[PDB]
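Residue numbers (the working numbering), protein chains in the order written: chain A, 1 to 218; chain B, 1001 to 1059; chain C, 2001 to 2371; chain D, 3001 to 3087; chain E, 4001 to 4783. Ideal Cβ positions, reconstructed from N, Cα and C, are used throughout, including at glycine. The structure appears below as structure tokens.
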């Protein structure tokens, strides 16, 4: 596959096969580069390329591992902003990546587990690097990620309404409420727990929500 | 010729990211003010662009 | 069939099958099937030209040791336990003295059959199977059992004089330790890698000498039943730890006279100072007592399953659990005779007693050899 | 409508008759929380009210409910044990 | 000396300053020959310097180094038996791996541990030789020879201290066994030192049940027989004479459920003690308090053993949790499935107390799902108030999709094909997409079947069926029985109970037949249709728009919807016609699916695959002959051929098939076979009675990462199909089939390999008792 060549002969073969995208071959170059020379001057950049190319060859855990390798190699680095984005950007793509999106199905009613991991690392990017090549856009990811969390948590908040668990209507919506007031998924959920209060005959407590409904009428 | 199944660069399939959450936060009246965002839901809101959205590659 | 019946093996048998002298048998009697493939420290007695032997299915017969024809016969068909008429299942060797056939059973129950008829003149259940042949000695039935115990039973009735745990292995690490009586000391090894003298009067540890390795955190011999029986010349205990690693050591104190604490010794006899042994590649080697000075070894037996080195009819006789018998010369000389009186294989040692060479194989049982 | 079969869905978080006797007007939250633990609904922005509302649907008509809200003061010292049945 | 400079010669992995800190000849430090030799050993104490050659040009120092790093590979040789990552688990635990720094002292040390691995495997005649193969720039390959002669095997158990219960009889209860009697075989057997431990607890249970409660196994002595295999065991026990469970004095925090507790402490005082029964009875309380909300039912039993009357006296000390532990529940592994579909499959409600088994019934609902690979969770107490145990239902979903094949060969025929692919649970939405169909020269057949299972949340299972069978059997024309048939049925699922569900739907069945076959019962249907169709030719056509109403019903308490082992599922399947139909009839049928586990591990389960049906007319009219029951082949009875089991049709004396290939496709036609004969395929009965009994069997020669998706199931098959309309009047000089004893029979085993598109089930089965018209294909290869 990739034998003991000159390291840049190992590298520039991959550097073309990055652009060629032959990551069946390029990654095996960048591996056998850093298998032999993880002490290469661009072996950090190989690790940057591996965080790149694993996320280009669907090795998103290995991307995370190469992130963790780059965490293990240099957890401070001027491309940790590239990394902590890519830590979220893997976890963004780790969150929801089915072909049902290509077949046109919602995945925000699906598990936002790595959304919250991307909600960490994108926010860890903008906390670690509030200035980066990725700080601005990943912030919109985050606000969208909690909206994805809103459309997720609403998806069961109506379920308790058809379950009829008006206790579990409220606390799920209240779970949305302690997490995001801004999302309309919370704000469409706003009269529902109030209605569920009226199912629990907490009309008066629902009036307190109707007070919100009065003052958040738009 | 040969088999065709591959994967390459892209960073944001949509800009639903950039089409982030609506802002219908508490304009609720007095006394009706419950807790609103918990943890990093209080998002560290800061900006550094580079290229944003779908525009910037990773290296 | 056997183009495909291949499996994983590793062995290489004896070379050098010779007969400078002629080997033969004294008789055959084939006393049942004794030990068998299921191992046991049942070892016969050839006392008074009476074959005091049995098979472990029960039938204990004294034999007229010329043709092995039955002097008496009894049966250890055990009528009880969870079963009536059980096999004898004997752990200890056939110790015979007086009106008593002392045999340790794997029922942990030792007998004394009256050697005029085989009637059990006493029987006593002991602590675990007799992992040694019963060293019935000085009023005491001294047995190293499975639980490392120093049994002493009043051999006239089996009244237990004491039973105390001793140098004791981690598991049933197979090997006897056969507590010998030497100068007021109950002298034993123990299948744990130490060697001792205990008080022969009461079972009070005179000394225990830790020597060298045993299994358990040290992978050593499980093809060498390492003799933890001390063969004590009057002041010097000669014994192996649990790995054949030989040491010579004082009797009253354990003080190391010398050691060949590197050995692979399966069986050993301190034949004066021609200490005949079995190597792990089954070389018979002659050491001395002033230091285990190799007088000779010889490689004429390789990867065998030998019996003990014995001298009978003037030659260093060795048999095996391949049923081969070999007459090494005593000193540095080779096969003087090779006998194939068996191939079922002798797990009993050559009994050079009453002028014969009594050997009970596993199932091709008791053979008596002359030359 | 005229549908008949019910799996008879339940919703707990109530207080037994033992439980409502465990507390009194004047008890802190904690005093209730030692006696009753927490409710599975408390007051989000108002004063401390500890809502133990039961819910259950038996059959076609009629709904079982046992609403037990424990309105404390702001100090948690209990001010109102609201005992309330179905409907 | 005080150094000018050290030349750091030989570096590859370790840095210069990383060397230099371990150099006590460093810049500023004085240089001594001891400090040089300390620079030898401390850089040996870096662990990555195979050599350290510290020297000097006065004080111009220079340190030459070879390196133990990168082990480029570890080569394993002779380990066909043992997987080498476990051998690497000996190696990778030992501070070395591919890329690492091999001290050549650790060659035998890992080899000892690798033999200690064998020693802890159960091998002892198994040695290992590690060969260092040094490679470029520092590197080494670790070739490992493996000298595996033999392992160990059990042979014997001596139980001393036992006098009552028989050892080999107990070995017939124990795990470590060895037997092939002349009326008994359980295969071949071996040793494990933890099968030791269960045999202790087999025995520990074996005395505890009887009352032996001062029973205690004293010690155990496994023979280290010097033969590298010989394992004999000396088991010191105290049998420990029996005790009566002579009274419960249950106490502690009984949580007010004491009368409920006393039922779970209902014993016979003076019955011989069984602590396992007590061990059962504690959990009953723990499920009692578990269903009483208390997820933490601390129960301590104390059987106060009274030897004076040979009894025990049962103290039980109870401590409940708290009731209202179910604050909420979480769900995980819903990353492709719709979440609330999984949330609706639970019965323990958030904001309640704990019904412990509603979770499990809720898990049973998910167990009854079948689009899972795991039904599990995280039962987590959320810390703080005694009202938050929040259950995080982590589950693994299953793959979907299924292909079925019916085409034989291409590239020598025209545009002719078979289709059919399933997308049941379409993309986590539940949408049961299963669609088939085919365009050939003999037919142009189509079929649709998709269910929205929860178009409304009641299990409102929007199962719309459609089909379009433009069936021709085109030989050169429409001659031999062409029917263009078309129609639909949308059927729906109804909540009857929590394991019961009904089905109903209206079936549109429009058929436009032509050139019908000259056999008797086909016309005898049409003669009882009121048609008077000519029998000596195929000169009749038939439009029929059957307006039918179909129905059904489900029982479901059986283990899994993809891989069940226990329970039963009963599935009603019926239909009826309405006024307005072109034929007033019905056809109702039913299938049975029960699972009887022989094994308590349920590795052997009797499967009852038996199916019934009957269909007839609704007055003045008849169930159509294409609705007759067939079998053979892909039925219960396999090794047969499909639709070869049942009644068989008599022809008429026949001339024109409406096209007669010359002694081909004979319909008793003018081309041969004149003067009515009788056909051999199953024209089928108006009754069905088929049966098969399948027996689950494990698969040993497969790496079981995918053998868990495999069920081998032996069976013996038997069935009968007959027509109560088959009247011995023209079927009098021919076989008459109004008799329920058409008892055709086979046996065999199935081949269930779950692919990524599911199981494709084959069978080499063989008929043994056959009746009229049974054709046999012993090699049945299906989905």
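Checklist line | Own chain, CB closer than 7 Å to residue 4707/E, minus 5 neighbours either side, in chain order | finding: Answer for residue 4707/E: 4699, listed in chain order.
Note to self: Since residue 2211/C and residue 2186/C should fall inside the 8 Å C-beta cutoff, what is the C-beta to C-beta distance between them, to a whole number of angstroms?
What the structure shows: So it is not a contact: roughly 18 Å between Cβ atoms.
Margin query: My assumption, with CB atoms under 8 Å, is that residue 4414/E sits in contact with residue 4441/E. Please give the rounded CB distance.
Written below: The Cβ separation is near 7 Å, so the contact holds.
Note to self: So that I know if they touch, is there some Cβ in chain E lying closer than 7 Å to that of residue 109/A?
What the structure shows: Judged by the 7 Å Cβ criterion, residue 109/A is in contact with chain E.
Item checked: Contacting positions in the region 2225-2242 of chain C - beta carbon closer than 9 Å to chain E -> Those residues of the region 2225-2242 of chain C that come within reach of chain E (Cβ to Cβ, closer than 9 Å) are 2225 and 2226.
Item checked: Extent of the continuous alpha helix (DSSP H) to which residue 4044/E belongs -> That run of the alpha helix (DSSP H) goes 4033-4044.
Checklist line | Contact set for residue 4198/E: own chain, Cβ-Cβ below 6 Å, skip 5 residues either direction | finding: Result list for residue 4198/E: 4175, in chain order.
Item checked: Inter-residue spacing [alpha-carbon to alpha-carbon] between residue 199/A and residue 166/A -> The straight-line gap from Cα to Cα measures roughly 7 Å.
Checklist line | Straight-line Cα distance separating residue 2292/C from residue 2132/C | finding: Just so you know, the alpha carbons of residue 2132/C and residue 2292/C end up roughly 26 Å apart.
Check: Nearest chain C C-beta to residue 4122/E closer than 7 Å, yes or no?
Finding: Output row for residue 4122/E: interface = no.
Check: What number of angstroms, rounded off, separates the C-alpha of residue 4080/E from the C-alpha of residue 4118/E?
Finding: Computed Cα separation, rounded: 14 Å.
Notebook entry, point to check: So which of 4480/E, 4431/E and 4438/E has the shortest CA-CA distance to residue 4464/E?
Noted result: Minimum Cα distance to residue 4464/E is reached at 4431/E.
Note to self: Judging by CA-CA distance, which residue of 4059/E, 4013/E, 4049/E and 4046/E is the nearest neighbour of residue 4029/E?
What the structure shows: Per the Cα distances, 4059/E.
Item checked: Proximal chain D residues relative to residue 4688/E, where beta-carbon distance stays under 7 Å -> What residue 4688/E touches in chain D: nothing, since even the nearest Cβ is about 31 Å away.
Margin query: Contact between the region 2051-2064 of chain C and the region 2334-2346 of chain C is defined here as three or more beta-carbon pairs at a separation below 8 Å; is this criterion met?
Written below: Because the criterion of three Cβ pairs below 8 Å is not met, the region 2051-2064 of chain C and the region 2334-2346 of chain C do not touch.
Item checked: Within 7 Å, strictly: CB atoms of residue 4285/E and residue 4305/E -> Cβ atoms of residue 4285/E and residue 4305/E: not closer than 7 Å.
Check: Should residue 2243/C be labelled buried (16 or more other beta-carbon atoms within 10 Å of its own) or exposed?
Finding: Counting C-beta atoms within 10 angstroms of its own C-beta, residue 2243/C has 16 or more neighbours from the protein chains shown and is therefore classed as buried.
Notebook entry, point to check: Taking Cβ-Cβ distances shorter than 7 Å, what residues in chain A pair up with residue 1038/B?
Noted result: Within 7 Å Cβ-Cβ: 178 and 179.
Next item on the list: Answer with buried or exposed for residue 4663/E, where buried requires no fewer than 16 other C-beta atoms within 10 angstroms of its C-beta.
Entry: The residue in question, residue 4663/E, is exposed, as its Cβ has fewer than 16 Cβ neighbours within 10 Å.
Check: Name the DSSP bridge partner or partners of residue 2207/C?
Finding: Answer is 2197/C.
Item checked: Bridge partner(s) assigned by DSSP for residue 4061/E -> Residue 4061/E is bridged to 4006/E and 4056/E.
Check: Would you say residue 2219/C reaches chain E, if we count a Cβ-Cβ gap shorter than 7 Å as a contact?
Finding: Interface residue, yes.
Notebook entry, point to check: Taking Cβ positions, are residue 4669/E and residue 4680/E nearer each other than 7 Å?
Noted result: Remark: C-beta atoms of residue 4669/E and residue 4680/E do not approach each other more closely than 7 Å.
Check: Given a threshold of 16 other Cβ atoms within 10 Å of its Cβ, counted over all protein chains shown, does residue 1027/B qualify as buried or as exposed?
Finding: By the neighbour-count rule (16 or more Cβ atoms within 10 Å), residue 1027/B is not buried but exposed.
Checklist line | Pair within 7 Å by beta-carbon distance, residue 4234/E and residue 2172/C | finding: It is a contact, given that the beta carbons lie within the stated cut-off.
Item checked: residue 192/A versus residue 169/A - alpha carbon distance -> Using only the alpha carbons, I get a separation of about 8 Å.
Item checked: Within the region 2001-2082 of chain C, ranges of the beta strand (DSSP E) (whole runs, at least 3 residues) -> Here the runs fully enclosed are 2045-2047, 2050-2054 and 2059-2064.
Item checked: Residues of the region 4174-4205 of chain E whose Cβ lies closer than 8 Å to any Cβ of chain C, in chain order -> Those would be none; no residue qualifies.
Notebook entry, point to check: What do you get for residue 1052/B, buried or exposed, if any count of 16 or more other CB atoms within 10 angstroms of its CB means buried?
Noted result: Only buried fits residue 1052/B, as 16 or more other CB atoms lie within 10 angstroms of its CB.
Note to self: Determine, for residue 1024/B, whether the minimum Cβ-Cβ distance to residues of chain A falls below 7 Å.
What the structure shows: Put simply, the CB of residue 1024/B is near chain A, with a gap under 7 Å to one of its CB atoms.
Next item on the list: Kindly indicate which three-state DSSP category residue 4697/E falls into: helix, strand or coil?
Entry: It is a strand residue.
Margin query: Tell me the rounded alpha-carbon separation between residue 4543/E and residue 4702/E.
Written below: Cα atoms of residue 4543/E and residue 4702/E: separation of roughly 55 Å, rounded to the nearest angstrom.
Next item on the list: Identify the contact partners of residue 3006/D in chain A, using a Cβ-Cβ distance below 8 Å as the criterion.
Entry: At a beta-carbon threshold of 8 Å, none of the residues of chain A lie near residue 3006/D; the nearest stands roughly 11 Å away.
Check: Does residue 4224/E get closer than 7 Å to chain C when you measure Cβ to Cβ?
Finding: Closer than 7 Å: yes.
Check: So, helix, strand or coil for residue 1007/B, using DSSP?
Finding: In the structure shown, residue 1007/B sits in coil (DSSP, three-state: anything other than H, G, I, E or B).
Notebook entry, point to check: Taking DSSP as the reference, what is the three-state secondary structure of residue 4602/E?
Noted result: For residue 4602/E, the three-state secondary structure derived from DSSP is coil.
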